[PDB]
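First the structure, in the form of structure tokens, and then the observations on it.
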Amino acid sequence: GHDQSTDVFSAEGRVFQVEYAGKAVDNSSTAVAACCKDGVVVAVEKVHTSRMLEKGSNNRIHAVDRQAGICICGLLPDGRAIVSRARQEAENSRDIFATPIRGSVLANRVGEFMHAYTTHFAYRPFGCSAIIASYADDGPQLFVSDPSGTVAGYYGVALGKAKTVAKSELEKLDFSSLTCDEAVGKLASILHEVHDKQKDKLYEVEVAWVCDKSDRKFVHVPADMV
Amino acid sequence: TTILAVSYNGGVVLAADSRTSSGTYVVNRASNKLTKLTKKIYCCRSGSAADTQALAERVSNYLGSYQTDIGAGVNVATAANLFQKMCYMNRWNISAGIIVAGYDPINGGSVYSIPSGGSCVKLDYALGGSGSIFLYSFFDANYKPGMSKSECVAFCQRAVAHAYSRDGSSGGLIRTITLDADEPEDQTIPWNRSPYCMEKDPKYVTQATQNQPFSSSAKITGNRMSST
């Protein structure tokens, strides 16, 4: 009975319903992201169940503002809830403060929102990690908010089922030197290596960036660079 | 309306803009608010055109009678005094700022302000009209007395231009007349040779930055001028 509600600590001060939501994210399709000096690139492997989807279906990458986006990893519907909240924060920043939301701020807001659903018996934690990619006045930034609401900045990041491998491949990259052009290639390449073929037979790799070439607008990358 | 008058050594300049407005529409964009009372004595009229035209016509009439009767020139004080009387007798029923200014040989050039209550005050210069509120600082700051005729004309033109560049109720031409021992010189500066306007001041050429384009930064660039 220690593990049925997120309002409860176990005897070791764990919150199991959060660890469990965590597992939802780890059993999900893989995402990676890299924060360069010219921008952020985020890529994610969409696993279809049907051969008959439209290309575009179940986008896991959403813009949240002109300069920021969120790639979701885990339960896509839960993520669209976060994406909606991120968008409300971004709008608020523009409407009240007349400034684009800084990325650290956006990720904090996202984290606070996710964390809130780990405190109260009536809601459950979200089953998704959000990767936030911003390029506002704070510069290129890449955060991840996990279901606990813990938020961390990264140079590069990998989530989902192939996360342990994808991290090994992301460690081979030189983040000080790497550019958004190169990264679209590398990050996509990485998701092709770590994809398991005999399990998940149907897959595209969705990529998005926000960078100096995109006029610091967060956008899917044209499907010529992939 | 912007009317003003200024003394110089030996005479006066009167100046005015030319606009008569029914609130926010201009019914007359070439009114003459410098109204002759005698040869060398003029008023500038502000307030109700009707009222001020009626008084000026009345005073000019009285003063012509009076000049024919005493067989000599009229003093500006007499003209101001009459104007004051009439303005004060009718103070409740008229809207009327007057300036009476002119030249007479005994007292040189004089200027009298007769504002709405019917006070009459003898000054070095006088301002009247809705536009005058804009010139007080301009005079305080930029008017030095002892100017020549020609300097004084140019200064009054500038002063009117400044006023009517900010008063919505003044505008159009700038009419001036000088009044001294010599013949009256009237002048009319058309708006397009106005010695000042905001539409040609270089410090009002850059547009305020109100319509910023949607950006990823707080850095302000400019107005969005094109859709692309």
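Residues in the structure tokens are numbered from 1 in each chain, the chains being A, B, ... in the order shown, and ligands are numbered from 1 in the order shown.
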Select all residues from chain B having any atom no more than 6 Å from an atom of chain A (counting only C-alpha atoms, ignoring ligands), output as a PyMOL selection string.
chain B and resi 216-218
Mind listing the strand (DSSP E) residues of region 2-200 of chain A, per DSSP on the backbone, as an NGL selection string?
:A and (31-35 or 39-47 or 61-65 or 68-74 or 128-136 or 139-145 or 151-153 or 156-159)
Region 20-26 of chain B environment, 8 Å, only C-alpha atoms, sequence neighbours closer than 6 positions dropped, as an MDAnalysis selection string:
chainID B and resid 1 168:170
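The spacing separating CA of residue 95 (chain A) from CA of residue 210 (chain A) amounts to 22.1 Å.
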Within 8 Å of region 158-174 of chain A using only C-alpha atoms, minus same-chain residues under 3 positions, as a PyMOL selection string:
chain A and resi 25-33+73-74+129+177-178+187+190-191+194-195
What does the file look like for those residues with N, CA and C atoms, as an mmCIF file, in the first residue's frame?
data_model
loop_
_atom_site.group_PDB
_atom_site.id
_atom_site.type_symbol
_atom_site.label_atom_id
_atom_site.label_comp_id
_atom_site.auth_asym_id
_atom_site.auth_seq_id
_atom_site.Cartn_x
_atom_site.Cartn_y
_atom_site.Cartn_z
ATOM 1 N N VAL A 25 8.482 6.361 -19.217
ATOM 2 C CA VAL A 25 9.370 7.118 -20.054
ATOM 3 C C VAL A 25 10.478 6.230 -20.546
ATOM 4 N N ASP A 26 10.981 5.340 -19.731
ATOM 5 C CA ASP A 26 12.088 4.523 -20.171
ATOM 6 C C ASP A 26 11.659 3.432 -21.156
ATOM 7 N N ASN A 27 10.364 3.103 -21.261
ATOM 8 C CA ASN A 27 9.930 1.995 -22.105
ATOM 9 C C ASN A 27 9.431 2.582 -23.418
ATOM 10 N N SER A 28 9.598 3.896 -23.508
ATOM 11 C CA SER A 28 9.166 4.671 -24.641
ATOM 12 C C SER A 28 10.296 4.786 -25.667
ATOM 13 N N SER A 29 9.912 5.218 -26.860
ATOM 14 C CA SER A 29 10.803 5.590 -27.940
ATOM 15 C C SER A 29 11.821 6.632 -27.488
ATOM 16 N N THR A 30 12.989 6.566 -28.118
ATOM 17 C CA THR A 30 14.187 7.277 -27.735
ATOM 18 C C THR A 30 14.230 8.673 -28.354
ATOM 19 N N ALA A 31 14.777 9.619 -27.613
ATOM 20 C CA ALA A 31 14.984 10.968 -28.092
ATOM 21 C C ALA A 31 16.407 11.365 -27.793
ATOM 22 N N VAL A 32 16.968 12.232 -28.591
ATOM 23 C CA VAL A 32 18.232 12.796 -28.202
ATOM 24 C C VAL A 32 18.265 14.270 -28.527
ATOM 25 N N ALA A 33 19.227 14.928 -27.933
ATOM 26 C CA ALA A 33 19.262 16.337 -28.159
ATOM 27 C C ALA A 33 20.637 16.800 -27.825
ATOM 28 N N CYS A 73 8.926 12.717 -24.520
ATOM 29 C CA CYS A 73 9.348 11.359 -24.434
ATOM 30 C C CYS A 73 8.462 10.660 -23.403
ATOM 31 N N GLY A 74 7.805 9.561 -23.782
ATOM 32 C CA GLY A 74 6.866 8.874 -22.907
ATOM 33 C C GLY A 74 5.455 9.010 -23.439
ATOM 34 N N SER A 129 8.866 12.603 -20.061
ATOM 35 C CA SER A 129 9.897 13.599 -19.844
ATOM 36 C C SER A 129 9.776 14.595 -20.973
ATOM 37 N N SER A 177 32.499 22.244 -30.095
ATOM 38 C CA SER A 177 32.775 22.539 -31.500
ATOM 39 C C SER A 177 31.557 22.331 -32.405
ATOM 40 N N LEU A 178 30.644 21.447 -31.984
ATOM 41 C CA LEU A 178 29.574 20.888 -32.799
ATOM 42 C C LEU A 178 28.592 22.002 -33.138
ATOM 43 N N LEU A 187 22.719 13.279 -34.556
ATOM 44 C CA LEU A 187 21.618 12.893 -33.693
ATOM 45 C C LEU A 187 20.673 11.991 -34.445
ATOM 46 N N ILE A 190 22.360 8.672 -34.791
ATOM 47 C CA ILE A 190 22.372 7.947 -33.530
ATOM 48 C C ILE A 190 21.084 7.168 -33.331
ATOM 49 N N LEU A 191 19.944 7.810 -33.594
ATOM 50 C CA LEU A 191 18.652 7.172 -33.462
ATOM 51 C C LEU A 191 18.482 6.037 -34.478
ATOM 52 N N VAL A 194 20.574 2.856 -32.714
ATOM 53 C CA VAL A 194 20.072 2.329 -31.452
ATOM 54 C C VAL A 194 18.643 1.829 -31.607
ATOM 55 N N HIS A 195 17.997 2.214 -32.697
ATOM 56 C CA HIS A 195 16.735 1.593 -33.046
ATOM 57 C C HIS A 195 16.915 0.092 -33.234
#
Show which residues sit within 6 Å of region 12-18 of chain A, as a PyMOL selection string. Count only C-alpha atoms, and ignore same-chain residues fewer than 4 positions away.
chain A and resi 3+6+148
Which of region 83-153 of chain B fall in alpha helix (DSSP H), as a list in words:
residues 83, 84, 85, 86, 87, 88, 89, 136, 137, 138, 139, 140, 141, 142, 149, 150, 151, 152 and 153 of chain B
How would the residues just chosen look if you wrote them out with N, CA and C atoms as an mmCIF file, in the first residue's frame?
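Dumped to part30.cif:
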data_model
loop_
_atom_site.group_PDB
_atom_site.id
_atom_site.type_symbol
_atom_site.label_atom_id
_atom_site.label_comp_id
_atom_site.auth_asym_id
_atom_site.auth_seq_id
_atom_site.Cartn_x
_atom_site.Cartn_y
_atom_site.Cartn_z
ATOM 1 N N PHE B 83 -12.262 98.675 -26.268
ATOM 2 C CA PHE B 83 -12.294 97.256 -26.288
ATOM 3 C C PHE B 83 -12.500 96.697 -24.884
ATOM 4 N N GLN B 84 -11.746 97.179 -23.901
ATOM 5 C CA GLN B 84 -11.913 96.648 -22.583
ATOM 6 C C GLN B 84 -13.328 96.912 -22.118
ATOM 7 N N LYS B 85 -13.799 98.139 -22.168
ATOM 8 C CA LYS B 85 -15.157 98.436 -21.799
ATOM 9 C C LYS B 85 -16.145 97.448 -22.360
ATOM 10 N N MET B 86 -16.032 97.112 -23.638
ATOM 11 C CA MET B 86 -17.081 96.369 -24.300
ATOM 12 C C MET B 86 -16.991 94.913 -23.931
ATOM 13 N N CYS B 87 -15.790 94.412 -23.962
ATOM 14 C CA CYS B 87 -15.487 93.121 -23.429
ATOM 15 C C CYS B 87 -15.909 92.945 -21.986
ATOM 16 N N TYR B 88 -15.871 93.967 -21.179
ATOM 17 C CA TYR B 88 -16.233 93.788 -19.790
ATOM 18 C C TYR B 88 -17.751 93.890 -19.629
ATOM 19 N N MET B 89 -18.390 94.902 -20.222
ATOM 20 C CA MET B 89 -19.840 94.949 -20.276
ATOM 21 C C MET B 89 -20.450 93.646 -20.757
ATOM 22 N N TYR B 136 4.238 80.272 -23.915
ATOM 23 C CA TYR B 136 4.769 80.867 -22.723
ATOM 24 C C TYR B 136 6.195 80.450 -22.476
ATOM 25 N N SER B 137 6.466 79.180 -22.394
ATOM 26 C CA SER B 137 7.845 78.730 -22.276
ATOM 27 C C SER B 137 8.689 79.140 -23.456
ATOM 28 N N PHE B 138 8.142 79.149 -24.647
ATOM 29 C CA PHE B 138 8.935 79.568 -25.775
ATOM 30 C C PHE B 138 9.431 81.007 -25.628
ATOM 31 N N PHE B 139 8.586 81.887 -25.149
ATOM 32 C CA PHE B 139 8.999 83.237 -24.894
ATOM 33 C C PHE B 139 9.937 83.345 -23.705
ATOM 34 N N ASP B 140 9.535 82.756 -22.596
ATOM 35 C CA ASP B 140 10.396 82.687 -21.441
ATOM 36 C C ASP B 140 11.784 82.243 -21.870
ATOM 37 N N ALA B 141 11.863 81.242 -22.734
ATOM 38 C CA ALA B 141 13.177 80.726 -23.055
ATOM 39 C C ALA B 141 13.886 81.459 -24.183
ATOM 40 N N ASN B 142 13.179 81.894 -25.212
ATOM 41 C CA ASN B 142 13.818 82.290 -26.454
ATOM 42 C C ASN B 142 13.574 83.751 -26.845
ATOM 43 N N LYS B 149 12.534 95.415 -35.806
ATOM 44 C CA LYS B 149 11.406 95.007 -36.630
ATOM 45 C C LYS B 149 11.565 93.624 -37.275
ATOM 46 N N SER B 150 12.636 93.399 -38.046
ATOM 47 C CA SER B 150 12.674 92.233 -38.919
ATOM 48 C C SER B 150 12.877 90.962 -38.080
ATOM 49 N N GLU B 151 13.682 91.097 -37.026
ATOM 50 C CA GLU B 151 13.939 90.009 -36.103
ATOM 51 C C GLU B 151 12.660 89.594 -35.389
ATOM 52 N N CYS B 152 11.941 90.605 -34.985
ATOM 53 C CA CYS B 152 10.665 90.477 -34.324
ATOM 54 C C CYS B 152 9.598 89.872 -35.223
ATOM 55 N N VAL B 153 9.558 90.263 -36.464
ATOM 56 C CA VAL B 153 8.676 89.551 -37.360
ATOM 57 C C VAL B 153 9.067 88.088 -37.430
#
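The gap separating CA of residue 80 (chain A) from CA of residue 58 (chain A) is 10.3 Å, in Å to one decimal.
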Min atom-atom distance to residue 208 (chain A) from the set A:118, A:181, A:128, A:97, counting only C-alpha atoms, belongs to A:181
Quick one: residues within 9 Å of residue 164 (chain B), only C-alpha atoms, excluding same-chain residues fewer than 5 positions away - as a ChimeraX atom specification?
/B:1-2,17,131,134,159,169-172,197
